[PDB]
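A short worksheet on the structure shown next.
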Amino acid sequence: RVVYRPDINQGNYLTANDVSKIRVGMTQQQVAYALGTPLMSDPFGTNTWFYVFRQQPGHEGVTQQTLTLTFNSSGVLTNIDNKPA
Amino acid sequence: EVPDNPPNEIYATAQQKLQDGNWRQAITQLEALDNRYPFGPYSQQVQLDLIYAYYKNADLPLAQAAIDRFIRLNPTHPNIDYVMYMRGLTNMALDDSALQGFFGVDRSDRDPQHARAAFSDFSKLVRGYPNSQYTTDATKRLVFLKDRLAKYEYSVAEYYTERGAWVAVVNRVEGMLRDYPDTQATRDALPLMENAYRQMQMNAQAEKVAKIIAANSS
Amino acid sequence: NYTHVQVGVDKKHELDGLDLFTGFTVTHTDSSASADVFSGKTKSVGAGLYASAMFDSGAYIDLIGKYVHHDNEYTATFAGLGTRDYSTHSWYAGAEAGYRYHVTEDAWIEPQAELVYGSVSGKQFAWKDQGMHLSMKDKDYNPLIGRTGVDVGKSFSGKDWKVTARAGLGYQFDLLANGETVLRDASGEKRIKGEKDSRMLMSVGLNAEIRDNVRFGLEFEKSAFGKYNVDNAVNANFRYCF
Amino acid sequence: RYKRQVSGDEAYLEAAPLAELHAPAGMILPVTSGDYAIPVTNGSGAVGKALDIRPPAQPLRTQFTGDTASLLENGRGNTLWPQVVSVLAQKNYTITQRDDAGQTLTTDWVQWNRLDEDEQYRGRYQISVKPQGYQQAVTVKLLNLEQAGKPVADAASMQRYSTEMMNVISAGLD
Amino acid sequence: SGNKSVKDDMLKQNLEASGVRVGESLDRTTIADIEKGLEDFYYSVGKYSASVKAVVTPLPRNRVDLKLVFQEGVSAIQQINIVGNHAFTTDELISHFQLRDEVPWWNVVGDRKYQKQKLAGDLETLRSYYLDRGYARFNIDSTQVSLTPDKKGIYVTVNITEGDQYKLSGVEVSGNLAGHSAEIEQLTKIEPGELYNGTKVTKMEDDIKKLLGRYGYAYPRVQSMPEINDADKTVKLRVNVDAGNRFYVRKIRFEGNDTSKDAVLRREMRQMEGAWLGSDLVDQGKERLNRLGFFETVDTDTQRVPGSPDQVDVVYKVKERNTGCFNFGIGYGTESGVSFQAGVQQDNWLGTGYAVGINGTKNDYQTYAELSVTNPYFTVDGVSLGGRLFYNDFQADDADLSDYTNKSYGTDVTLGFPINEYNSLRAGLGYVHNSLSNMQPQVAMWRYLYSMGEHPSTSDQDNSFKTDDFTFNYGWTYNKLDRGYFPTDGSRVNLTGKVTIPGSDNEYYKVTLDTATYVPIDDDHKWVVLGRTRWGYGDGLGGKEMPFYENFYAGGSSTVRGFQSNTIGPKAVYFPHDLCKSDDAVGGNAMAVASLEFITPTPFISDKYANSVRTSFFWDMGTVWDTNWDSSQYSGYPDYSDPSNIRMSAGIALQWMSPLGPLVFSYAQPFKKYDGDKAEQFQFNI
C-alpha cells in the first residue's frame, strides 16, 4: 500500500563467493567457521542444517535464496541444496 | 525510645505483640533486639520472626537480604525448608500484583525475571527436601510458574508471527518446545510453527511438524 | 472571595531536649469583594520569616512575620470614588504557643494561644470627583489580634488510617483596633475607628492519606449568619497517579 | 484475617495440570533441556489458606530434636523436680497428675494455652521424666495428643509449638 | 564526627566495603589500615591538616563501639607553571585546565582545592592540546607537586619537550578488512598539505568502528601507528583493522517493565531479532523507546552468549515512570450551590499502549464532559485510530454578564499513518452541534449572524440560534526528539487543518502550526536553548465568515505568560442600552507567538533529584489579531486590524515532575503592555 514499511531481514546472508567455497566431504567445525553459525537447525530426526535469505525494503518483492546441508551422524557433509527463489 | 533492660522481658513482649499483629512496631523492636543481642541462645528464632515480619509488612527486598544472610549464616538448619519457601513466596509476591489484579488482566506477557527466579527457588526447594511440609503447594506453584513462562514465550512468538519475521518465530517456538513441551502454550503454538514453515518456502519440514498435530487431535 | 498561596524553605536542628527551627517564606493573596456600591479587586503579595521550636515535654512555640504590598482597584459610586487604586505596604507578625499533650494513643490534646501585631499605611485620596472636597484619609493603622484555641489531633498511621483528623474550637478577639480615618463634608467632618471582634472557628474535615501516592482532602466550613452574617469556604479533592 | 495466612493471590491452584506431548513414529522430539523440570512428589499437604505460615519455634545443649526436648550437667539435678512442682500451680496454676518426688516421673494434665492467633484452649499431655544420659540429670518432656480448637490434630507445627511452650517455660525459669 | 568536606554517607560505605560493618567482629589490623586509608583519602582531597582518631568503647556482653574524630583544619593550589614550553603563553594553557590556581573577582565559577585525578586529567588535556596541533614528538618529562613548609600551600610544575611540527603526508589501510573496502578508503580519504591532528585519527578509528558495526561486524579490532619521518619532518599512518566475525542476535530480551507488556516494546525496535546485528539499528531502537515518553530511563546492553563464537543477545534495561492520573472533587458552597468534578487522563492505560481521557464537571454555572480513546497501532505497521466525544452545555446563566449561553456537543473519529522514519499523516471526520442562546449585545458578533442572512435587533439582549457542522480535519506531525519530556535535542512541528464539507451550516476553514526545537550548547546536554512558536490562521469561505467561538485566544501557561490566562486579543465594544469598550477580549483570527528559553540546572538540590526538575529563563514574544475589522465603523476607537500592537514579557520558569504529576511555576513581567492586561506574577498550572 502507501504506509511506510520498515526494512525486514530475517536470516543469515552469504554471497556467492562463500557458496563457491562449499564442497562435500569435510567436518562440521570448518563449515561453521566458513559460513558462520547456523541460525536454523532441524531438531527432529536428521540433524540437517539450513540457511535462509530474507530481504525486503518495504512494499517490495522479497528475496529468498535458501541453502540446505545434510549431515550424517559422523561429522561430514552429505549433500547440499541451493535454491534462488 | 527502647528500654535497655534484661532480655527475657523484651523477647516475651516481642513474641506477644507479634502475636497481636503490630508489625509496624514489631519490626523496630525485633531489629533492635537482634542488633543488641547478636548471639543470644535462640537468635535463629529471632531471625525467623524477622523474616515473618518483613514479609507480612511487605518490605520484601530487606526480607530477601535477610534470607541470603541466614542461608550463609548456617547452611545446615533443621528448618531451612521454611526459609526457602518464604524466599520463593517473596519472589512470587514481588512479581505479579497490581491494578491488573483488580481488573483481572492476564499478567502473562509481562517481564518474567522474578517468575524465573521464583521457579528456580521453588524447584531447588522441592528437589532438596521432598519429605518436608511445604512440597504440595510448592509443586502447584511450580506448575503455575511453568505455565506462565510458557504463555509469555507463546505471546512473543505470536507477535513475531503478526509481524512476519518467519525465522525468529521458529527459534522461539523451538526453544519453547525444547524447554516447555508439556504445556498448553506449545499446544496452540505449533500451528504458528506450521505457518512459518509454509511461508518460508521450505515446506519439507512443515508437514513434519504437522504430523505432531496428528498425534494430538483429541 | 480570595485565593492565597505561600511557599518557602526552612532549616532546623535538635538540641538537649529541644528542636530549634527557623525559615523564610513568601505569600500572595488575591481577593475580590462585592458590595452594594463597592467592588474591589485586591492583591497582597509579600514575604517574611518564621520560627518554630518544640521539645519532648509536649510544648511548642511558633511565630511568623511578613510584609506584603496590598494594592486594590475599587469601583465605588458613593463619595465619587470611581475606580481608584489604593496601594500601600503592610508588615505584620504574630506568635503562638501550643501544648499537644498525649490525650491517648490515638489522639493528642493541644491547647494553644496566639497574638499578632500588624501595621499598614492608610488610604489617603481626594474625593474631588464628587464635586466637594471630601478628603478621605486614615491614620497609621496598627491592628493587633489575639486568639485562644483548643484541639485534639488523631495521630493515625499504618498506611491504612494514615490520616490527620482533628477537632476542637477557637475564638479570636482583636487585641488592638486603631484603624482611624477622617472624612470631610460640607456640613461637617467626621472621624472613625475600629472596635473588638469575637470571631469563632471550626475544624478540618478529613486531611486523609494512606501511602506515598495518595492524598485525600476535605474541609469543614461554618457560616454563622446570626452574629455578623459571616461565612467560610471549604473544598474536597484527592490525588492519585498510575 | 491478615494474621497467619499467605497473600490472597491464591487463584493459581485452579491451573491446568500439565500433559505430555506425544512423539509420532518417524521423527523424535528434541531432547528436553531439563532446566525447568519437576519430579513426582508426594501429597497429603495442606494447600491454600489451610496451609500454615508461622515461624517454627526454635527450642532453647539446647535440645531441638522435634518430639524430644532432652536438654543437658548439674550436680543437683534431682532438686529440679521440686522446682517443677513450684512451677506448677504456685508459679502458673498448673499441676502434675502423678508426680513422684524422688523418681521425678510425672504425667502432664490437659492444659489450655490461649496465646491469641484464634488458638483456643489446647490440652497438651506429656510425661515428665528426668534422665541422666551422657550428662547429669537431664530434662525431658515427651508430649502427647493435643486438642486445641479441634477434637484432635497431629500436625507437626502445632505439636512443635505445644511441646515448645513447656520447653520455653523450663528454659526461661531455669 | 568531624568530617564536613565529604558527606558522612560515603564514609560509611567506605567502612562497610573495606570489610568492617555493623554486627561482625573487630580486627585492629584493619583499624590501622582504615586509619591510614582515610588519611590517604583526605590527602587526595588535599586536606593535609587531617588526623582521624579512633575511640574504642567496650560494652557488656563482649561488645565494642568505635567513634571517629576528624580534626580537619584547612586545605590549600597556589602556583602553576608550564616551564619547558617556549611557543605558548602560560595563561592560554591555564584557560583549558580543569584545575585553576585562582579566579578573578567578578565570578565564583571555580573553587581552589587539589584533586590528584584532576591533575592527571589536566595533563591528558595538555598532551592532547599539543599532539593534535602537530607536535608528535611530545611527552611529559616530569611533573612535580610541592608543599610549602606550613601545610597550607601547594604548587604544581610540569616539564615537557616541545619537539617539532609534522605534516600528514598520507595514510593507508591494511589487514583483513571487509569486502566493502572502497567506502573505507572514502572515509579515510586524506588530502595532503594539512598538519597533523591526533584527535582526528582517534575519530577515524571510532567512526571506522561505527561503519563496520553498521555493516554487521560488532567486535572489530583497529589500531594505528604513526610512522614518523623525522628527517623529512612528516608522518604517515599505518592502520590495521580486522574483519571480526558476522554477529547475529539469537534472542532479543526486555527487562524492567512491570506494567507495559512485551508486545508494546517489541513493536518498536527497528532492529530485528534473528538477523545480522547493526549498532545503528540498536541505537535507533533505543532512541525510539526514549521517544515513547513513558520510560524514565532506558539503556541498552549487548552480551555475547557464552556458547557459539558469534551469537550475541541484546537486553534493554528500563525503569518506567508513572504517567496519567485520575482526579475527583466536590466544591460545595452557598455562593456556588453544588459543584462536582471527576476525570482520568492516562497516556498508557494499564500498560496496553492505549491512551484514554475522561472527564465530567457539573455545576449551576457549567455542565461539561468528554470522552477520548486512541490506539496508536491499529495495525502492526503503525496506523493510528482515535475517537472523541464532548458535551459543553455550560449555561453560564447567573447575572447574564459579559457572556453568551451555549449548549454544544460533538463526536469525531480520526486515523493516522506513518509515512517515513519520523512523519505520520493524520485524517479524520467530525460532527458537532452548537446552540447559542441569550447572548449579550456587543459588536463584532452581529457580523457573523448577518453573514448568514438574518438581522436580529441590537437593542434586545435575548434570542437564540442553532447550528450543525460536518468537518474534515488533517494533521502532520514531524517529530525527532531524544526523550518525551523536557528533551535535549531535535525538533517537532505539528500542522492541523480543518474544513467543512458541503451540507453544513458553518462555512469556513482553519489552520494551525506549532514548532518546538531544542538546541544544546554543551555536549553533555545540560545547558540548552529552547525555541517555541505557534501560528494560526483561519476564516470563512464562499462570502461567509468563520465562527466567533472557534477563534484564537492567547494568554496563560504554555502561551505568553505573566499577562493573564486568555487575555491577549482585541476587546469587543458594547451596544448602547454610545458604544462601550469591553474589558476582556473576544479573539482574533490570526495568532503568532514565539519564545526563546535558556535552561539551567538548579544549584540547590542534589543529583538524586536533579533529573526530575528543570528551571530556566524565558522571553515570551506573542501577538494575536483579527484581520476582519470594520475600521470605518468605529475608527474613533483604536484600530486593531494592524498586528503591530505586540504583547511580550520575560522572566523565569520552573518545571517539577512530582509523583503527583507535572507542575509548572512561572514568573514574568510585561514590558510592551496594553489595555486589559490584568497581569499576574505566579501560575500553578498542572
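Starting from 1 in every chain, residues are counted up; chains themselves are A, B, ... following the order of the C-alpha cells, and ligands are numbered from 1 as listed.
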Interface, chain B side, toward chain E (8 Å; only C-alpha atoms) as a ChimeraX atom specification: /B:35,38,99-100,109-111,113,155-156,159,162-163,167-168
Find the residues of segment 4-75 of chain A that sit at most 7 Å from segment 24-32 of chain D; for each, write down the nearest two atoms and how far apart they are in Å, to one decimal. Count only C-alpha atoms. Sort by chain, then by number going up, and give it as a Markdown table.
```
| residue | atom | partner | partner_atom | distance |
| --- | --- | --- | --- | --- |
| A:43 | CA | D:30 | CA | 5.2 |
| A:44 | CA | D:28 | CA | 5.1 |
| A:45 | CA | D:27 | CA | 5.1 |
```
Would you write out, as CSV, a table of all residues in chain E that have an atom no more than 6 Å from an atom of chain C, listing for each the closest atom pair and the distance in Å to one decimal, considering only C-alpha atoms and ordering rows by chain and rising residue number?
```
residue,atom,partner,partner_atom,distance
E:322,CA,C:242,CA,5.7
E:325,CA,C:241,CA,4.2
E:327,CA,C:239,CA,5.8
E:328,CA,C:237,CA,5.6
E:329,CA,C:237,CA,4.1
E:330,CA,C:236,CA,5.5
E:331,CA,C:235,CA,5.4
```
Please, which residues in chain D fall within 7 Å of chain B when counting only C-alpha atoms, and what is the closest atom pair and distance in Å to one decimal for each, ordered by chain then residue number, as CSV?
```
residue,atom,partner,partner_atom,distance
D:3,CA,B:21,CA,6.6
D:12,CA,B:144,CA,6.1
D:13,CA,B:140,CA,6.5
D:15,CA,B:144,CA,6.4
D:18,CA,B:183,CA,5.6
D:19,CA,B:182,CA,5.2
D:20,CA,B:182,CA,4.6
D:21,CA,B:182,CA,5.7
D:22,CA,B:215,CA,6.2
D:23,CA,B:212,CA,7.0
D:24,CA,B:215,CA,6.2
D:30,CA,B:178,CA,6.1
D:31,CA,B:178,CA,6.7
D:32,CA,B:178,CA,5.3
D:33,CA,B:179,CA,5.7
D:34,CA,B:179,CA,7.0
D:36,CA,B:179,CA,6.7
D:38,CA,B:123,CA,7.0
D:41,CA,B:130,CA,6.7
D:43,CA,B:136,CA,5.5
D:45,CA,B:136,CA,5.6
D:47,CA,B:137,CA,5.3
D:55,CA,B:48,CA,6.0
D:57,CA,B:45,CA,6.4
D:58,CA,B:45,CA,5.3
D:60,CA,B:42,CA,6.3
D:116,CA,B:19,CA,6.6
D:117,CA,B:19,CA,6.6
```
Straight-line distance linking atom CA of residue 195 of chain E with atom CA of residue 162 of chain E, stated in Å to one decimal: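 Those two atoms sit 16.0 Å apart.
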Selection near residue 78 of chain D, 8 Å with only C-alpha atoms, sequence-local residues under 5 positions removed, as JSON, numbers by chain: {"D": [102, 104, 137]}
Hey, can you spit out that residue selection with N, CA, C and O atoms as an mmCIF file, in the first residue's frame?
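Final output, saved to selection14.cif:
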```cif
data_model
loop_
_atom_site.group_PDB
_atom_site.id
_atom_site.type_symbol
_atom_site.label_atom_id
_atom_site.label_comp_id
_atom_site.auth_asym_id
_atom_site.auth_seq_id
_atom_site.Cartn_x
_atom_site.Cartn_y
_atom_site.Cartn_z
ATOM 1 N N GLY D 102 11.131 -38.311 94.492
ATOM 2 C CA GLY D 102 12.460 -38.775 94.130
ATOM 3 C C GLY D 102 12.557 -39.246 92.691
ATOM 4 O O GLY D 102 13.557 -38.991 92.013
ATOM 5 N N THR D 104 11.098 -38.290 90.022
ATOM 6 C CA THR D 104 10.990 -37.235 89.009
ATOM 7 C C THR D 104 10.211 -37.724 87.790
ATOM 8 O O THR D 104 10.517 -37.378 86.647
ATOM 9 N N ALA D 137 21.565 -35.221 85.573
ATOM 10 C CA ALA D 137 20.118 -35.331 85.436
ATOM 11 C C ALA D 137 19.592 -34.350 84.396
ATOM 12 O O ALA D 137 19.612 -33.133 84.604
#
```
Exercise answer, chain A residues close to chain B, 8 Å and only C-alpha atoms, as a ChimeraX atom specification: /A:8-11,40
Every residue of chain A that DSSP places in strand (DSSP E), as a list in words: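 Answer for chain A restricted to strand (DSSP E) is residues 40, 41, 49, 50, 51, 66, 67, 68, 69, 70, 71, 77, 78, 79, 80, 81, 82 and 83 of chain A.
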Any chance you can output those residues with N, CA, C and O atoms as a tab-separated table (two decimals), in the first residue's frame?
```tsv
chain	number	residue	atom	x	y	z
A	40	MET	N	19.50	-21.66	11.89
A	40	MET	CA	18.44	-22.65	11.86
A	40	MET	C	19.03	-24.04	11.96
A	40	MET	O	20.19	-24.27	11.58
A	41	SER	N	18.24	-24.97	12.48
A	41	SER	CA	18.65	-26.36	12.63
A	41	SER	C	17.41	-27.20	12.92
A	41	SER	O	16.59	-26.83	13.76
A	49	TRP	N	21.04	-28.92	8.30
A	49	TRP	CA	21.36	-27.53	8.53
A	49	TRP	C	20.70	-26.66	7.46
A	49	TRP	O	20.63	-27.05	6.29
A	50	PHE	N	20.24	-25.48	7.87
A	50	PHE	CA	19.50	-24.59	6.99
A	50	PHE	C	20.16	-23.22	6.97
A	50	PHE	O	20.72	-22.78	7.99
A	51	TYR	N	20.10	-22.54	5.83
A	51	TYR	CA	20.50	-21.15	5.74
A	51	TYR	C	19.54	-20.44	4.80
A	51	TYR	O	19.23	-20.96	3.72
A	66	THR	N	17.49	-20.02	-0.45
A	66	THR	CA	17.78	-20.96	0.62
A	66	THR	C	18.93	-21.88	0.23
A	66	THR	O	19.24	-22.08	-0.95
A	67	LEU	N	19.57	-22.44	1.25
A	67	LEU	CA	20.75	-23.27	1.05
A	67	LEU	C	20.80	-24.26	2.21
A	67	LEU	O	20.96	-23.86	3.37
A	68	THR	N	20.63	-25.54	1.89
A	68	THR	CA	20.46	-26.60	2.86
A	68	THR	C	21.63	-27.57	2.81
A	68	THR	O	22.18	-27.84	1.74
A	69	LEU	N	22.00	-28.10	3.97
A	69	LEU	CA	23.08	-29.06	4.11
A	69	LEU	C	22.55	-30.28	4.85
A	69	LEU	O	21.71	-30.15	5.75
A	70	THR	N	23.04	-31.46	4.48
A	70	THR	CA	22.69	-32.69	5.19
A	70	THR	C	23.94	-33.33	5.75
A	70	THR	O	24.96	-33.44	5.06
A	71	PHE	N	23.88	-33.73	7.02
A	71	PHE	CA	24.99	-34.37	7.71
A	71	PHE	C	24.54	-35.68	8.31
A	71	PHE	O	23.50	-35.74	8.98
A	77	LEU	N	29.75	-33.70	5.60
A	77	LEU	CA	28.64	-33.25	4.77
A	77	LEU	C	28.23	-34.35	3.80
A	77	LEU	O	29.08	-35.06	3.25
A	78	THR	N	26.92	-34.49	3.59
A	78	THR	CA	26.38	-35.48	2.67
A	78	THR	C	25.98	-34.86	1.33
A	78	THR	O	26.46	-35.29	0.28
A	79	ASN	N	25.11	-33.86	1.36
A	79	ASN	CA	24.74	-33.15	0.14
A	79	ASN	C	24.22	-31.77	0.50
A	79	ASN	O	23.92	-31.47	1.66
A	80	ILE	N	24.14	-30.92	-0.52
A	80	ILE	CA	23.66	-29.55	-0.38
A	80	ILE	C	22.47	-29.35	-1.31
A	80	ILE	O	22.19	-30.16	-2.19
A	81	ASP	N	21.77	-28.24	-1.10
A	81	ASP	CA	20.60	-27.90	-1.90
A	81	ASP	C	20.48	-26.38	-1.95
A	81	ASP	O	20.13	-25.76	-0.95
A	82	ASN	N	20.78	-25.80	-3.11
A	82	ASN	CA	20.63	-24.37	-3.32
A	82	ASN	C	19.31	-24.08	-4.02
A	82	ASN	O	18.82	-24.88	-4.82
A	83	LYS	N	18.73	-22.92	-3.71
A	83	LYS	CA	17.52	-22.50	-4.39
A	83	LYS	C	17.49	-20.98	-4.40
A	83	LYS	O	17.59	-20.36	-3.33
```
Check: which chain C residues lie within 12 Å of chain B using only C-alpha atoms, as a list in words: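 Putting it all together, I get residues 56, 157, 158, 159, 160, 241 and 242 of chain C.
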Run DSSP on the backbone of this structure and report the residues of segment 49-171 of chain D it assigns to helix (DSSP H, G or I), as an mmCIF file with C-alpha atoms, in the first residue's frame.
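Produced file out13.cif, reproduced below:
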```cif
data_model
loop_
_atom_site.group_PDB
_atom_site.id
_atom_site.type_symbol
_atom_site.label_atom_id
_atom_site.label_comp_id
_atom_site.auth_asym_id
_atom_site.auth_seq_id
_atom_site.Cartn_x
_atom_site.Cartn_y
_atom_site.Cartn_z
ATOM 1 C CA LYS D 49 -5.449 -20.903 53.253
ATOM 2 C CA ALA D 50 -5.413 -24.266 55.041
ATOM 3 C CA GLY D 77 19.703 -32.361 89.068
ATOM 4 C CA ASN D 78 17.416 -34.312 91.401
ATOM 5 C CA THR D 79 16.412 -30.998 93.013
ATOM 6 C CA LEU D 80 14.827 -29.871 89.726
ATOM 7 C CA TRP D 81 11.692 -31.962 90.341
ATOM 8 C CA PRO D 82 10.553 -29.886 93.369
ATOM 9 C CA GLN D 83 11.413 -26.886 91.210
ATOM 10 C CA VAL D 84 8.988 -28.291 88.621
ATOM 11 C CA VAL D 85 6.383 -28.635 91.377
ATOM 12 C CA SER D 86 6.968 -24.969 92.228
ATOM 13 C CA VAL D 87 6.457 -24.122 88.546
ATOM 14 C CA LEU D 88 3.153 -26.000 88.539
ATOM 15 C CA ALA D 89 0.205 -24.251 90.324
ATOM 16 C CA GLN D 90 2.295 -21.964 92.625
ATOM 17 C CA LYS D 91 4.029 -20.324 89.603
ATOM 18 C CA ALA D 156 3.865 -31.311 63.447
ATOM 19 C CA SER D 157 3.735 -27.498 63.514
ATOM 20 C CA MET D 158 1.130 -27.205 66.270
ATOM 21 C CA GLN D 159 2.681 -30.224 68.010
ATOM 22 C CA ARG D 160 6.055 -28.469 67.919
ATOM 23 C CA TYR D 161 4.530 -25.319 69.410
ATOM 24 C CA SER D 162 2.723 -27.377 72.065
ATOM 25 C CA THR D 163 5.926 -29.058 73.237
ATOM 26 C CA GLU D 164 7.828 -25.782 72.875
ATOM 27 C CA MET D 165 5.597 -23.878 75.301
ATOM 28 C CA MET D 166 6.724 -26.199 78.103
ATOM 29 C CA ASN D 167 10.251 -26.144 76.673
ATOM 30 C CA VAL D 168 10.474 -22.339 76.813
ATOM 31 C CA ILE D 169 8.906 -22.253 80.283
ATOM 32 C CA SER D 170 11.548 -24.674 81.575
ATOM 33 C CA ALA D 171 14.390 -22.878 79.785
#
```
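Among D:7, D:2, D:129, D:94, the residue with the shortest atom-to-atom distance to residue 68 of chain D, counting only C-alpha atoms, is D:129.
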Exercise answer, chain E residues close to chain A, 12 Å and only C-alpha atoms, as an MDAnalysis selection string: chainID E and resid 179 215:216 244:251 267:278 281 307:312 379:384 416:426
Separation of atom CA of residue 663 of chain E from atom CA of residue 569 of chain E, in Å and rounded to one decimal: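 These two atoms are separated by 27.0 Å.
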I want to know what sits within 9 Å of residue 11 of chain C, based on only C-alpha atoms, with residues of the same chain fewer than 6 positions away left out; could you give that as a PDB file with N, CA, C and O atoms, in the first residue's frame?
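Below is the file that was written, result.pdb:
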```
ATOM      1  N   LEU C  20      15.100  23.274  67.778  1.00  0.00           N
ATOM      2  CA  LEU C  20      15.046  24.612  67.204  1.00  0.00           C
ATOM      3  C   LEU C  20      14.765  24.541  65.708  1.00  0.00           C
ATOM      4  O   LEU C  20      15.209  23.618  65.020  1.00  0.00           O
ATOM      5  N   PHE C  21      14.023  25.526  65.204  1.00  0.00           N
ATOM      6  CA  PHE C  21      13.666  25.566  63.792  1.00  0.00           C
ATOM      7  C   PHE C  21      13.400  27.004  63.373  1.00  0.00           C
ATOM      8  O   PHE C  21      12.827  27.782  64.140  1.00  0.00           O
ATOM      9  N   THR C  22      13.791  27.343  62.147  1.00  0.00           N
ATOM     10  CA  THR C  22      13.504  28.652  61.581  1.00  0.00           C
ATOM     11  C   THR C  22      13.356  28.493  60.077  1.00  0.00           C
ATOM     12  O   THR C  22      13.591  27.417  59.525  1.00  0.00           O
ATOM     13  N   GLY C  23      12.950  29.567  59.414  1.00  0.00           N
ATOM     14  CA  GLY C  23      12.829  29.512  57.968  1.00  0.00           C
ATOM     15  C   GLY C  23      12.306  30.816  57.410  1.00  0.00           C
ATOM     16  O   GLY C  23      11.961  31.746  58.146  1.00  0.00           O
ATOM     17  N   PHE C  24      12.239  30.858  56.081  1.00  0.00           N
ATOM     18  CA  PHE C  24      11.748  32.017  55.352  1.00  0.00           C
ATOM     19  C   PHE C  24      10.653  31.574  54.393  1.00  0.00           C
ATOM     20  O   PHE C  24      10.574  30.404  54.005  1.00  0.00           O
TER      21      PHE C  24
END
```
Nearest to chain D, chosen from A:47, A:23, A:34, A:62, with only C-alpha atoms counted in the distances: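 Using only C-alpha atoms, chain D sits closest to A:47.
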Surrounding residues of residue 524 of chain E excluding itself and chain neighbours under 4 positions, 12 Å, only C-alpha atoms, as a PyMOL selection string: chain E and resi 488-489+520+528
How would the residues just picked look written out with N, CA and C atoms as a PDB file, in the first residue's frame?
```pdb
ATOM      1  N   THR E 488      16.383  17.258  25.130  1.00  0.00           N
ATOM      2  CA  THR E 488      17.656  17.952  24.992  1.00  0.00           C
ATOM      3  C   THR E 488      18.157  17.993  23.552  1.00  0.00           C
ATOM      4  N   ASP E 489      17.326  17.641  22.573  1.00  0.00           N
ATOM      5  CA  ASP E 489      17.772  17.592  21.187  1.00  0.00           C
ATOM      6  C   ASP E 489      16.564  17.459  20.274  1.00  0.00           C
ATOM      7  N   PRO E 520      21.238  22.201  22.020  1.00  0.00           N
ATOM      8  CA  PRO E 520      22.198  22.203  23.124  1.00  0.00           C
ATOM      9  C   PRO E 520      23.427  23.038  22.798  1.00  0.00           C
ATOM     10  N   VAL E 528      20.998  24.293  27.523  1.00  0.00           N
ATOM     11  CA  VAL E 528      20.359  24.156  26.220  1.00  0.00           C
ATOM     12  C   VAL E 528      19.415  25.331  25.998  1.00  0.00           C
TER      13      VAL E 528
END
```
Atom CA of residue 470 of chain E to atom CA of residue 542 of chain E, distance in Å rounded to a single decimal: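 Computing it gives 16.2 Å between the two atoms.
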Exercise: segment 115-119 of chain C partners within 8 Å, only C-alpha atoms, chain neighbours under 3 positions left out, as a compact mmCIF listing (two decimals) with N, CA and C atoms, in the first residue's frame:
```txt
# COMPACT_ATOMS: atom_id res chain seq x y z
N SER C 90 2.31 46.73 54.16
CA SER C 90 1.70 46.25 55.40
C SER C 90 2.58 45.16 55.99
N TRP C 91 3.14 45.41 57.17
CA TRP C 91 4.01 44.45 57.84
C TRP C 91 3.33 43.96 59.11
N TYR C 92 3.19 42.64 59.24
CA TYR C 92 2.50 42.06 60.39
C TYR C 92 3.22 40.80 60.83
N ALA C 93 3.34 40.62 62.15
CA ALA C 93 3.99 39.46 62.72
C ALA C 93 3.19 38.95 63.91
N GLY C 94 3.10 37.63 64.04
CA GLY C 94 2.40 37.02 65.14
C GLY C 94 3.21 35.90 65.77
N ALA C 95 2.81 35.55 66.99
CA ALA C 95 3.42 34.47 67.75
C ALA C 95 2.32 33.61 68.35
N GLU C 96 2.68 32.39 68.72
CA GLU C 96 1.72 31.43 69.24
C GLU C 96 2.46 30.36 70.04
N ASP C 140 -2.07 55.90 60.77
CA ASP C 140 -1.23 54.71 60.68
C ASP C 140 -1.91 53.58 61.44
N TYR C 141 -2.60 52.71 60.71
CA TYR C 141 -3.30 51.60 61.34
C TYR C 141 -2.31 50.61 61.92
N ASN C 142 -2.51 50.25 63.18
CA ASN C 142 -1.65 49.29 63.88
C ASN C 142 -2.52 48.26 64.59
N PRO C 143 -3.28 47.47 63.83
CA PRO C 143 -4.17 46.49 64.46
C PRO C 143 -3.39 45.34 65.09
N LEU C 144 -3.98 44.80 66.16
CA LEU C 144 -3.46 43.60 66.81
C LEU C 144 -4.63 42.69 67.16
N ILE C 145 -4.37 41.39 67.18
CA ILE C 145 -5.42 40.40 67.40
C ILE C 145 -4.85 39.21 68.15
N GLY C 146 -5.54 38.79 69.21
CA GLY C 146 -5.21 37.57 69.92
C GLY C 146 -6.27 36.51 69.67
N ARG C 147 -5.94 35.28 70.06
CA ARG C 147 -6.84 34.16 69.84
C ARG C 147 -6.46 33.02 70.77
N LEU C 175 -6.94 42.31 69.53
CA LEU C 175 -6.16 42.91 70.60
C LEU C 175 -6.06 44.42 70.47
```
